[PDB]
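Chemist: Here it is: the structure, laid out below.
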Amino acid sequence: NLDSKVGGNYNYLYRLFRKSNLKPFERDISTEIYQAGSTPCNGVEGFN
Amino acid sequence: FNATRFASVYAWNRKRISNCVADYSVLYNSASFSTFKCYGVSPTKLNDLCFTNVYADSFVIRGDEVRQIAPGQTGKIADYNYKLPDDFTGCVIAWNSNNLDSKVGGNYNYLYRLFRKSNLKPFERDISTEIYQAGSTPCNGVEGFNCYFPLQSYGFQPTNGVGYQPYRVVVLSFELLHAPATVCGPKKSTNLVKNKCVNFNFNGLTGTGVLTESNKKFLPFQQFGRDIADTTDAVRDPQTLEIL
Amino acid sequence: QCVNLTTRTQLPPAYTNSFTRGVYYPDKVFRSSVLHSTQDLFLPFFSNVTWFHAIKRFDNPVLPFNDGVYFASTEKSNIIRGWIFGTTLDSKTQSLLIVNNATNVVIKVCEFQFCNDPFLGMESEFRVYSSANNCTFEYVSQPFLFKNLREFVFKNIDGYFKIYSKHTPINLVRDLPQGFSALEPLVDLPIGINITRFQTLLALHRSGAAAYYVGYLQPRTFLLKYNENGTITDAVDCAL
Amino acid sequence: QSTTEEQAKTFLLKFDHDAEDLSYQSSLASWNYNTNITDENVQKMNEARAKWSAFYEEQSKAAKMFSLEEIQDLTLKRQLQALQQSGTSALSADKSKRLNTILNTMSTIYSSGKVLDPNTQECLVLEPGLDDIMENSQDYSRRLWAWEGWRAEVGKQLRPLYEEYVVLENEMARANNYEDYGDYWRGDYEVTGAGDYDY
Amino acid sequence: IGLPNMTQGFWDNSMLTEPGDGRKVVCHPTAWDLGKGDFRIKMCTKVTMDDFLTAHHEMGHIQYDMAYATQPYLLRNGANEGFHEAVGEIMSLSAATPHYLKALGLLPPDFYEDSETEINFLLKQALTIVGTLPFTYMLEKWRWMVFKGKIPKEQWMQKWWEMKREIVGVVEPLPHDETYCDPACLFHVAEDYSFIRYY
Ligand SMILES: *[C@@H]1O[C@H](CO)[C@@H](O[C@@H]2O[C@H](CO)[C@@H](O)[C@H](O)[C@H]2NC(C)=O)[C@H](O)[C@H]1NC(C)=O
Ligand SMILES: *[C@@H]1O[C@H](CO)[C@@H](O)[C@H](O)[C@H]1NC(C)=O
Ligand SMILES: *[C@@H]1O[C@H](CO)[C@@H](O)[C@H](O)[C@H]1NC(C)=O
Ligand SMILES: *[C@@H]1O[C@H](CO)[C@@H](O)[C@H](O)[C@H]1NC(C)=O
Ligand SMILES: *[C@@H]1O[C@H](CO)[C@@H](O)[C@H](O)[C@H]1NC(C)=O
Ligand SMILES: *[C@@H]1O[C@H](CO)[C@@H](O)[C@H](O)[C@H]1NC(C)=O
Ligand SMILES: *[C@@H]1O[C@H](CO)[C@@H](O)[C@H](O)[C@H]1NC(C)=O
Ligand SMILES: [Zn+2]
């Protein structure tokens, strides 16, 4: 009844493509574009 | 995948895959496919988990209907021709097929069901060709008032937009039962070394030691040897059939 | 189709003593000059076994498959064809099929519409089943087959069907001659099917004496002797 | 319960499925005519347009037994209201046929407008000889003679048909329960059932 | 403003100039909505300011089709007759601004416009669009009283000239009798084309 709103609460996000594990009490803040393939992203979204 | 013809929207061909090693690496590393969405698993590491059976369903739908095939989506094609369960263990693959499924003047070889009494149950194929009736008064087997045929054809032409261009969709479902697994990913193997203290993993037989040539004569079916102390003292290489 | 045959004469089948045969390699391990003791389903030494005759008089009973079966045959002219495994041996349940026809061996898992008297018809006539809905498995390989003795052990555990075999020349109409011969593994299939009964297949002469025996496997402890070369030469039953 | 709307929705779906392909190959054929005018091209445009008009007229008939008060949604009501219109067929056969043959007359001879120069050595037509005379000029006499010569000829033959066309348009206007031809054309800005956002 | 470009079919299928293979075409810029995601665009455009504006019209007035392309097939249209034809024209209004040309390279970076230079642009666009608004309104008034019956049937054409003296402020050079039809000089009149659409 506070966070959720009828218009839509979209200010909460979670990292999903870490590519590695987390040590206990680790803080990850980098938002660089994840690469899932051999081709580098070069700052643009696309395949992998 | 590399097939000349695909099944109709209402009648989707289903093929079962078993007892073979599946090289998924060719799939998600290929850029030719336009849609590669995996539900419940990741495209990477997918070749490290074993299943018992794999089902492949193939059909050709519109460009705007690719988003309609997914767990929870609603619509006409999804509800009345091929409906997916809320839970899914597999991947959905689709790509443009304008060069093959589009013909000048219209390619009317593909039919589909647009209106049905209720949404189709998951993994159900509907091939019924019956005169639909939405009116209280029965028309008695002949098309009349409030009695319309539910199957109509698709028109594919080379000049249509990408939103209407034909797309071939293959749905791979990995099912797991209380049976031994039959499909697995390829087992990568490295080159072997000898006369050096190394860590070896011989077909699941892990250990540490020094591998040298052997004078023992294993029986043709035997794999590894054992001493009186019940310790592995010999082994045969899976690739080259010699004793170490 | 299948021909309903009733020309046989009803006779009471004899029994025999399975003196020593029925030993197979338990695991895929090489041992030399070592006496090893193991607990596994074996056929007890000097065991009560049935007797069946072919060629006249012939019979194809639907014998049970409770925990494992030792199958042997000292017959000649390859009258023995194959076996059928399953629970109901009809179209409502899956059944295992193994035959050795003139050219190849067929292994399938289908809900065959088995006839009451499966029978193979020189020339041969496949007359054992009528329909097959959908088969989830197939496999073709080398056929398994003065007289010749073929011994088999059929084990079905944790969804895996295991087969062992051994061939040796035999003479005289004697039944189960004395001797020792270990059964090497042949084939393993991960079907995962329940099996309760089984039946054998033969061929009629026109439209060569054949005999086979059926044992049963029980949980026992054995002491196997390994030679330096790696072959099992002798064994001891620990509860005889 | 079988509300009429639940069958009108299926009818509209069938109409959309047919009309999309009909207009798409019609428009594809329409493009082939603008970029290529030949004897074959005009014929297939005529065939496609005739088939499309006939199909639209059949669907206008099929919209009739499904009324407009059976749909409460304004947006859905708009579709049926647009589809329910038939046209000039509401009157008797003879009056409709005379309408079609009159419209043919204003198609053929009307496009052949001609003017006569006082001097026979120059002969100019409306496109583009006359247009230069009225628009691209800096004198009085040329414009005067062009106006006199053009208006002297075209009025006599073309005047009588206008009154018959007007009265017939009024008769079709009354046939569709409209007060007059003005109400026939004033119906494009009428909003009913929306509320205060009306006109 | 967020509007994307024309689809890929524009680049290959649509031709930006008249073909020279002997085929004759209609060189009027046209707006085509073929449907099914297929869109094609035709004009014999040239490197001129008027064609520079019509290029943005044809690009921008088609953009309206892309806006409501997600609507149902019977709702794939503009709000009314005037909205669709007014969306395109306001596009070229910004493309003719001096700042847009200065930032687009069509004007020098040090270019300065004088208020006397602005005077021409007012008169030009007034003379093109605005100057006929009283004329268009009063002509449609004439038609409306013609449609309403205020003008008696025997003076249908003579009151066009009669009120022209006082109200329209245009004097005729030679009076004409009842047989003459001034509206017959326009091709659009015979084909039943509305005139309130422009207003
Ligand atoms: C596994 O597949 C390879 C692919 O050719 C077979 O090739 C062997 O390759 C090694 C070295 O690369 C050679 O020494 C062998 O002579 C090759 N064998 C043959 C038959 O060409 C290899 O034999 C296969 N292994 C098994 C056990 O079948
Ligand atoms: C075991 O076989 C012998 C051989 O005839 C005989 O004692 C008998 O048939 C069998 N014993 C039974 C059935 O209890
Ligand atoms: C034996 O089986 C094979 C298939 O495995 C078949 O091609 C062949 O015709 C069969 N022969 C006879 C005599 O049944
Ligand atoms: C004939 O075969 C059929 C097949 O099952 C069945 O009726 C029965 O087994 C036979 N009939 C007899 C033995 O009378
Ligand atoms: C195979 O046949 C069985 C009938 O025993 C049926 O239940 C099953 O659905 C069939 N499978 C396929 C893939 O047709
Ligand atoms: C096989 O038997 C086991 C128990 O012995 C039972 O749990 C299972 O449901 C059976 N499966 C079939 C297909 O009969
Ligand atoms: C052991 O095997 C070797 C190699 O075939 C053979 O020469 C030797 O005779 C065998 N010895 C015994 C006791 O089996
Ligand atoms: Zn426009």
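Convention: chains lettered A, B, ... in structure tokens order; per-chain residue numbering from 1; ligands numbered from 1 as shown.
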Can you pull out every residue with an atom within 12 Å of ligand 6? Use only C-alpha atoms and all ligand atoms and format it as a PDB file with N, CA, C and O atoms, in the first residue's frame.
Modeler:
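To be explicit, this is the file written out as part.pdb:
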ATOM      1  N   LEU B 177      10.910 -37.112 -16.896  1.00  0.00           N
ATOM      2  CA  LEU B 177      10.041 -38.081 -16.243  1.00  0.00           C
ATOM      3  C   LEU B 177      10.872 -38.956 -15.305  1.00  0.00           C
ATOM      4  O   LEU B 177      12.056 -38.702 -15.066  1.00  0.00           O
ATOM      5  N   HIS B 178      10.237 -39.997 -14.770  1.00  0.00           N
ATOM      6  CA  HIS B 178      10.918 -40.960 -13.907  1.00  0.00           C
ATOM      7  C   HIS B 178      11.507 -42.094 -14.750  1.00  0.00           C
ATOM      8  O   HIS B 178      11.215 -43.275 -14.571  1.00  0.00           O
ATOM      9  N   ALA B 179      12.348 -41.698 -15.695  1.00  0.00           N
ATOM     10  CA  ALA B 179      13.018 -42.609 -16.605  1.00  0.00           C
ATOM     11  C   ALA B 179      14.452 -42.142 -16.788  1.00  0.00           C
ATOM     12  O   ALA B 179      14.756 -40.962 -16.585  1.00  0.00           O
TER      13      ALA B 179
ATOM     14  N   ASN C  66       9.906 -62.586 -12.720  1.00  0.00           N
ATOM     15  CA  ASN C  66       9.722 -61.995 -11.399  1.00  0.00           C
ATOM     16  C   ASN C  66      10.893 -61.099 -11.012  1.00  0.00           C
ATOM     17  O   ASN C  66      10.701 -59.920 -10.697  1.00  0.00           O
ATOM     18  N   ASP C  67      12.112 -61.641 -11.024  1.00  0.00           N
ATOM     19  CA  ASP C  67      13.273 -60.869 -10.601  1.00  0.00           C
ATOM     20  C   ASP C  67      14.491 -61.093 -11.488  1.00  0.00           C
ATOM     21  O   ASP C  67      15.577 -60.601 -11.156  1.00  0.00           O
ATOM     22  N   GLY C  86       7.036 -57.726 -21.204  1.00  0.00           N
ATOM     23  CA  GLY C  86       6.024 -56.731 -20.924  1.00  0.00           C
ATOM     24  C   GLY C  86       5.181 -57.146 -19.734  1.00  0.00           C
ATOM     25  O   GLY C  86       5.456 -58.141 -19.066  1.00  0.00           O
ATOM     26  N   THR C  87       4.141 -56.349 -19.490  1.00  0.00           N
ATOM     27  CA  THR C  87       3.211 -56.587 -18.394  1.00  0.00           C
ATOM     28  C   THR C  87       1.937 -57.286 -18.853  1.00  0.00           C
ATOM     29  O   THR C  87       1.534 -58.293 -18.265  1.00  0.00           O
ATOM     30  N   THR C  88       1.292 -56.769 -19.900  1.00  0.00           N
ATOM     31  CA  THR C  88       0.057 -57.344 -20.412  1.00  0.00           C
ATOM     32  C   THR C  88       0.186 -57.917 -21.814  1.00  0.00           C
ATOM     33  O   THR C  88      -0.695 -58.676 -22.232  1.00  0.00           O
ATOM     34  N   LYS C  92      -2.623 -51.981 -24.831  1.00  0.00           N
ATOM     35  CA  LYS C  92      -2.828 -50.934 -23.836  1.00  0.00           C
ATOM     36  C   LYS C  92      -1.568 -50.607 -23.047  1.00  0.00           C
ATOM     37  O   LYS C  92      -1.538 -49.583 -22.357  1.00  0.00           O
ATOM     38  N   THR C  93      -0.535 -51.444 -23.122  1.00  0.00           N
ATOM     39  CA  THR C  93       0.702 -51.221 -22.388  1.00  0.00           C
ATOM     40  C   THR C  93       1.900 -51.465 -23.295  1.00  0.00           C
ATOM     41  O   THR C  93       1.829 -52.243 -24.251  1.00  0.00           O
ATOM     42  N   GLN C  94       3.003 -50.790 -22.980  1.00  0.00           N
ATOM     43  CA  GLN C  94       4.234 -50.961 -23.738  1.00  0.00           C
ATOM     44  C   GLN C  94       4.816 -52.351 -23.523  1.00  0.00           C
ATOM     45  O   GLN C  94       4.708 -52.928 -22.437  1.00  0.00           O
ATOM     46  N   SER C  95       5.436 -52.890 -24.570  1.00  0.00           N
ATOM     47  CA  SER C  95       6.048 -54.208 -24.512  1.00  0.00           C
ATOM     48  C   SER C  95       7.400 -54.171 -25.208  1.00  0.00           C
ATOM     49  O   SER C  95       7.599 -53.433 -26.176  1.00  0.00           O
ATOM     50  N   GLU C 111       3.471 -50.988 -28.128  1.00  0.00           N
ATOM     51  CA  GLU C 111       2.294 -51.684 -27.610  1.00  0.00           C
ATOM     52  C   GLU C 111       1.711 -52.572 -28.709  1.00  0.00           C
ATOM     53  O   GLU C 111       0.663 -52.303 -29.298  1.00  0.00           O
ATOM     54  N   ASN C 156      16.494 -56.563 -15.237  1.00  0.00           N
ATOM     55  CA  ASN C 156      15.818 -55.289 -15.483  1.00  0.00           C
ATOM     56  C   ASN C 156      15.720 -54.541 -14.157  1.00  0.00           C
ATOM     57  O   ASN C 156      14.812 -54.797 -13.362  1.00  0.00           O
ATOM     58  N   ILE C 157      16.649 -53.617 -13.927  1.00  0.00           N
ATOM     59  CA  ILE C 157      16.685 -52.837 -12.698  1.00  0.00           C
ATOM     60  C   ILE C 157      16.873 -51.357 -13.007  1.00  0.00           C
ATOM     61  O   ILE C 157      17.435 -50.983 -14.042  1.00  0.00           O
ATOM     62  N   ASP C 158      16.362 -50.519 -12.101  1.00  0.00           N
ATOM     63  CA  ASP C 158      16.411 -49.053 -12.183  1.00  0.00           C
ATOM     64  C   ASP C 158      16.234 -48.548 -13.614  1.00  0.00           C
ATOM     65  O   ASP C 158      16.981 -47.698 -14.104  1.00  0.00           O
ATOM     66  N   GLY C 159      15.223 -49.087 -14.291  1.00  0.00           N
ATOM     67  CA  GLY C 159      14.914 -48.652 -15.636  1.00  0.00           C
ATOM     68  C   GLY C 159      15.911 -49.057 -16.696  1.00  0.00           C
ATOM     69  O   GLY C 159      15.862 -48.521 -17.806  1.00  0.00           O
ATOM     70  N   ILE C 191      15.459 -48.369 -21.149  1.00  0.00           N
ATOM     71  CA  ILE C 191      14.065 -48.242 -21.569  1.00  0.00           C
ATOM     72  C   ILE C 191      13.204 -47.714 -20.428  1.00  0.00           C
ATOM     73  O   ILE C 191      12.516 -46.697 -20.568  1.00  0.00           O
ATOM     74  N   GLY C 192      13.230 -48.393 -19.286  1.00  0.00           N
ATOM     75  CA  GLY C 192      12.357 -48.040 -18.184  1.00  0.00           C
ATOM     76  C   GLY C 192      10.945 -48.559 -18.364  1.00  0.00           C
ATOM     77  O   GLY C 192       9.994 -47.776 -18.450  1.00  0.00           O
ATOM     78  N   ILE C 193      10.797 -49.881 -18.422  1.00  0.00           N
ATOM     79  CA  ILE C 193       9.510 -50.529 -18.642  1.00  0.00           C
ATOM     80  C   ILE C 193       9.357 -51.661 -17.635  1.00  0.00           C
ATOM     81  O   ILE C 193      10.322 -52.372 -17.333  1.00  0.00           O
ATOM     82  N   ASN C 194       8.149 -51.815 -17.100  1.00  0.00           N
ATOM     83  CA  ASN C 194       7.864 -52.913 -16.187  1.00  0.00           C
ATOM     84  C   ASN C 194       7.700 -54.214 -16.960  1.00  0.00           C
ATOM     85  O   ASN C 194       7.019 -54.262 -17.988  1.00  0.00           O
ATOM     86  N   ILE C 195       8.330 -55.274 -16.459  1.00  0.00           N
ATOM     87  CA  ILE C 195       8.284 -56.590 -17.082  1.00  0.00           C
ATOM     88  C   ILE C 195       7.869 -57.606 -16.029  1.00  0.00           C
ATOM     89  O   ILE C 195       8.452 -57.651 -14.940  1.00  0.00           O
ATOM     90  N   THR C 196       6.858 -58.416 -16.349  1.00  0.00           N
ATOM     91  CA  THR C 196       6.384 -59.440 -15.426  1.00  0.00           C
ATOM     92  C   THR C 196       6.351 -60.818 -16.076  1.00  0.00           C
ATOM     93  O   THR C 196       6.507 -61.832 -15.389  1.00  0.00           O
TER      94      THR C 196
END
Chemist: Taking only C-alpha atoms and all ligand atoms into account, which residues have an atom no farther than 12 Å from ligand 2? I'd like them as a list in words.
Modeler: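 Using only C-alpha atoms and all ligand atoms, everything at most 12 Å from ligand 2 comes to residues 12, 13, 14, 15, 16, 17, 18, 19, 46, 47, 48, 49, 50, 51, 175, 213 and 215 of chain C.
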Chemist: Select from chain D every residue with an atom at most 6 Å from any atom of chain E, then for each give the shortest pair of atoms and their distance in Å to one decimal, using only C-alpha atoms, rows by chain and rising number, as a tab-separated table.
Modeler:
residue	atom	partner	partner_atom	distance
D:24	CA	E:34	CA	5.7
D:27	CA	E:34	CA	5.4
D:34	CA	E:25	CA	5.8
D:35	CA	E:25	CA	5.1
D:155	CA	E:180	CA	4.0
D:156	CA	E:179	CA	5.3
D:159	CA	E:181	CA	5.4
D:182	CA	E:147	CA	5.6
Chemist: Those residues with N, CA and C atoms, as a compact mmCIF listing (two decimals), in the first residue's frame please?
Modeler:
# COMPACT_ATOMS: atom_id res chain seq x y z
N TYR D 24 -6.03 -5.12 -50.38
CA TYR D 24 -4.58 -5.21 -50.50
C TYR D 24 -4.17 -5.57 -51.92
N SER D 27 -5.26 -2.56 -53.98
CA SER D 27 -4.30 -1.47 -53.89
C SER D 27 -2.97 -1.84 -54.55
N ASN D 34 -1.15 3.25 -61.70
CA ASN D 34 -0.59 4.60 -61.67
C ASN D 34 0.81 4.62 -62.29
N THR D 35 1.61 3.59 -62.02
CA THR D 35 2.94 3.49 -62.59
C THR D 35 2.96 2.86 -63.97
N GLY D 155 -22.57 26.03 -70.54
CA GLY D 155 -23.75 26.14 -69.70
C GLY D 155 -24.99 25.49 -70.29
N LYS D 156 -25.19 25.65 -71.60
CA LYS D 156 -26.46 25.26 -72.22
C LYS D 156 -26.72 23.77 -72.07
N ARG D 159 -26.66 22.58 -67.93
CA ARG D 159 -27.60 23.08 -66.93
C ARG D 159 -28.71 22.10 -66.56
N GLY D 182 -29.01 18.54 -47.35
CA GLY D 182 -28.17 19.17 -46.35
C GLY D 182 -27.97 18.29 -45.13
Chemist: Show me which residues are within 9 Å of ligand 5 counting only C-alpha atoms and all ligand atoms, and format the list as a PyMOL selection string.
Modeler: (chain B and resi 14-16) or (chain C and resi 91-94+110-112+132-136)
Chemist: Quick one: DSSP helix (DSSP H, G or I) residues in stretch 60-183 of chain E, as number ranges by chain?
Modeler: E: 60-67, 73-75, 81-95, 98-104, 115-130, 133-148, 153-155, 158-168, 182-183
Chemist: Mind listing the residues within 9 Å of ligand 8, only C-alpha atoms and all ligand atoms counted, as a compact mmCIF listing (two decimals) with N, CA and C atoms, in the first residue's frame?
Modeler:
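Contents of out-v5.txt, freshly written:
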# COMPACT_ATOMS: atom_id res chain seq x y z
N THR E 30 1.13 11.43 -54.30
CA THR E 30 -0.01 10.68 -53.80
C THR E 30 0.35 9.98 -52.50
N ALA E 31 -0.65 9.82 -51.65
CA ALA E 31 -0.51 9.13 -50.37
C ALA E 31 -1.22 7.79 -50.45
N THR E 54 6.39 19.58 -50.46
CA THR E 54 5.53 18.44 -50.76
C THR E 54 6.19 17.11 -50.38
N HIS E 56 7.99 16.67 -47.62
CA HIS E 56 7.68 16.53 -46.20
C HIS E 56 6.20 16.27 -45.97
N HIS E 57 5.33 16.86 -46.80
CA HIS E 57 3.91 16.52 -46.73
C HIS E 57 3.70 15.03 -46.97
N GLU E 58 4.24 14.51 -48.08
CA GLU E 58 4.04 13.11 -48.41
C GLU E 58 4.66 12.19 -47.37
N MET E 59 5.82 12.58 -46.82
CA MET E 59 6.41 11.81 -45.74
C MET E 59 5.57 11.92 -44.47
N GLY E 60 5.16 13.14 -44.10
CA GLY E 60 4.48 13.34 -42.84
C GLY E 60 3.01 12.98 -42.85
N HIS E 61 2.34 13.16 -43.98
CA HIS E 61 0.92 12.81 -44.06
C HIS E 61 0.72 11.30 -44.09
N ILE E 62 1.71 10.56 -44.61
CA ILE E 62 1.70 9.11 -44.48
C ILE E 62 1.94 8.70 -43.03
N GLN E 63 2.73 9.48 -42.28
CA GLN E 63 2.99 9.15 -40.88
C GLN E 63 1.71 9.05 -40.06
N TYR E 64 0.65 9.75 -40.48
CA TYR E 64 -0.64 9.59 -39.82
C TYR E 64 -1.14 8.16 -39.96
N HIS E 84 -6.92 14.57 -41.31
CA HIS E 84 -5.89 13.89 -42.08
C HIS E 84 -5.16 14.85 -43.01
N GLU E 85 -5.90 15.73 -43.68
CA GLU E 85 -5.29 16.66 -44.62
C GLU E 85 -4.68 17.88 -43.93
N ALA E 86 -4.97 18.09 -42.64
CA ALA E 86 -4.33 19.16 -41.90
C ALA E 86 -3.08 18.72 -41.17
N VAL E 87 -2.97 17.43 -40.83
CA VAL E 87 -1.75 16.93 -40.19
C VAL E 87 -0.55 17.11 -41.11
N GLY E 88 -0.72 16.81 -42.40
CA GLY E 88 0.40 16.90 -43.33
C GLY E 88 0.90 18.32 -43.54
N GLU E 89 -0.03 19.28 -43.63
CA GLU E 89 0.37 20.64 -43.98
C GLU E 89 1.15 21.31 -42.85
Chemist: Out of C:41, C:21, C:202, C:33, which residue has the shortest atom-to-atom distance to ligand 7 when counting only C-alpha atoms and all ligand atoms?
Modeler: C:33
Chemist: Find the spatial neighbours of stretch 6-22 of chain A, counting only C-alpha atoms, within a cut-off of 9 Å - ignore same-chain residues fewer than 2 positions away - and output them as a list in words.
Modeler: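 Residues near the query, excluding close chain neighbours: residues 3, 4, 24, 25, 26, 27, 28, 31, 34, 35 and 36 of chain A.
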Chemist: Ligand 3: which residues are within 12 Å, counting only C-alpha atoms and all ligand atoms? Reply as an MDAnalysis selection string.
Modeler: chainID C and resid 81 98:108 120:128 138:143
Chemist: Could you pull out the residues sitting within 12 Å of ligand 7, using only C-alpha atoms and all ligand atoms, and write them as number ranges by chain?
Modeler: B: 215-219; C: 32-33, 226-233
Chemist: Would you list the contacts of residue B:21 as a PDB file with N, CA and C atoms, in the first residue's frame, taking every protein, DNA or RNA residue within 6 Å and counting only C-alpha atoms, but skipping same-chain residues closer than 5 positions in sequence?
Modeler:
ATOM      1  N   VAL B 183      18.789 -37.702 -23.650  1.00  0.00           N
ATOM      2  CA  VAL B 183      19.381 -36.596 -24.394  1.00  0.00           C
ATOM      3  C   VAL B 183      20.279 -35.802 -23.457  1.00  0.00           C
ATOM      4  N   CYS B 184      21.498 -35.519 -23.913  1.00  0.00           N
ATOM      5  CA  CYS B 184      22.459 -34.746 -23.142  1.00  0.00           C
ATOM      6  C   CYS B 184      23.284 -33.898 -24.099  1.00  0.00           C
ATOM      7  N   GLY B 185      24.065 -32.986 -23.528  1.00  0.00           N
ATOM      8  CA  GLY B 185      24.947 -32.152 -24.305  1.00  0.00           C
ATOM      9  C   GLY B 185      26.273 -32.832 -24.571  1.00  0.00           C
TER      10      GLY B 185
END
Chemist: Which residues come within 9 Å of residue D:62, counting only C-alpha atoms, excluding same-chain residues fewer than 4 positions away, as an MDAnalysis selection string?
Modeler: chainID D and resid 11 57:58 66 84
Chemist: What's the 6 Å shell around stretch 24-38 of chain B, counting only C-alpha atoms, without same-chain residues fewer than 5 positions away, as a PDB file with C-alpha atoms, in the first residue's frame?
Modeler:
ATOM      1  CA  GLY B  90      12.065 -25.167 -23.082  1.00  0.00           C
ATOM      2  CA  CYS B  91      12.841 -22.494 -25.642  1.00  0.00           C
ATOM      3  CA  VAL B  92      10.832 -20.681 -28.315  1.00  0.00           C
ATOM      4  CA  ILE B  93      12.613 -20.059 -31.621  1.00  0.00           C
ATOM      5  CA  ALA B  94      11.333 -18.071 -34.599  1.00  0.00           C
ATOM      6  CA  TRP B  95      12.839 -16.421 -37.663  1.00  0.00           C
TER       7      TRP B  95
END
Chemist: Kindly compile the residues surrounding ligand 4 within 10 Å, counting only C-alpha atoms and all ligand atoms, and format them as a list in words.
Modeler: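 The residues near ligand 4 are residues 1, 2, 3, 4, 5, 6, 113, 114, 115, 116 and 117 of chain C.
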Chemist: Using only N, CA and C atoms, please write the residues we just selected to a file, as a PDB file, in the first residue's frame.
Modeler:
ATOM      1  N   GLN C   1      -1.918 -61.249 -39.397  1.00  0.00           N
ATOM      2  CA  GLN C   1      -2.762 -62.353 -38.960  1.00  0.00           C
ATOM      3  C   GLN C   1      -1.933 -63.414 -38.248  1.00  0.00           C
ATOM      4  N   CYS C   2      -2.611 -64.395 -37.655  1.00  0.00           N
ATOM      5  CA  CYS C   2      -1.926 -65.484 -36.975  1.00  0.00           C
ATOM      6  C   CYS C   2      -2.801 -66.727 -37.020  1.00  0.00           C
ATOM      7  N   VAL C   3      -2.171 -67.869 -37.275  1.00  0.00           N
ATOM      8  CA  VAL C   3      -2.885 -69.133 -37.407  1.00  0.00           C
ATOM      9  C   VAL C   3      -3.028 -69.782 -36.036  1.00  0.00           C
ATOM     10  N   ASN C   4      -4.252 -70.175 -35.698  1.00  0.00           N
ATOM     11  CA  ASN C   4      -4.530 -70.853 -34.436  1.00  0.00           C
ATOM     12  C   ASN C   4      -4.168 -72.326 -34.600  1.00  0.00           C
ATOM     13  N   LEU C   5      -3.073 -72.751 -33.979  1.00  0.00           N
ATOM     14  CA  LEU C   5      -2.568 -74.112 -34.120  1.00  0.00           C
ATOM     15  C   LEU C   5      -2.836 -74.905 -32.851  1.00  0.00           C
ATOM     16  N   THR C   6      -3.378 -76.117 -33.016  1.00  0.00           N
ATOM     17  CA  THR C   6      -3.675 -76.984 -31.882  1.00  0.00           C
ATOM     18  C   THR C   6      -3.296 -78.439 -32.150  1.00  0.00           C
ATOM     19  N   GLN C 113      -0.064 -55.558 -30.727  1.00  0.00           N
ATOM     20  CA  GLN C 113      -1.245 -56.406 -30.580  1.00  0.00           C
ATOM     21  C   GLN C 113      -0.799 -57.851 -30.776  1.00  0.00           C
ATOM     22  N   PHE C 114      -0.197 -58.400 -29.724  1.00  0.00           N
ATOM     23  CA  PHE C 114       0.346 -59.748 -29.789  1.00  0.00           C
ATOM     24  C   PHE C 114      -0.765 -60.777 -29.946  1.00  0.00           C
ATOM     25  N   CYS C 115      -0.535 -61.747 -30.824  1.00  0.00           N
ATOM     26  CA  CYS C 115      -1.430 -62.887 -30.923  1.00  0.00           C
ATOM     27  C   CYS C 115      -1.157 -63.865 -29.786  1.00  0.00           C
ATOM     28  N   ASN C 116      -2.133 -64.740 -29.536  1.00  0.00           N
ATOM     29  CA  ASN C 116      -2.002 -65.688 -28.434  1.00  0.00           C
ATOM     30  C   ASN C 116      -0.861 -66.671 -28.668  1.00  0.00           C
ATOM     31  N   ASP C 117      -0.538 -66.962 -29.927  1.00  0.00           N
ATOM     32  CA  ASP C 117       0.535 -67.890 -30.280  1.00  0.00           C
ATOM     33  C   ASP C 117       1.464 -67.219 -31.283  1.00  0.00           C
TER      34      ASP C 117
END
Chemist: Please indicate the distance in Å from atom CA of residue B:139 to atom CA of residue B:10, rounded to one decimal place.
Modeler: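 Separation between atom CA of residue B:139 and atom CA of residue B:10: 24.6 Å.
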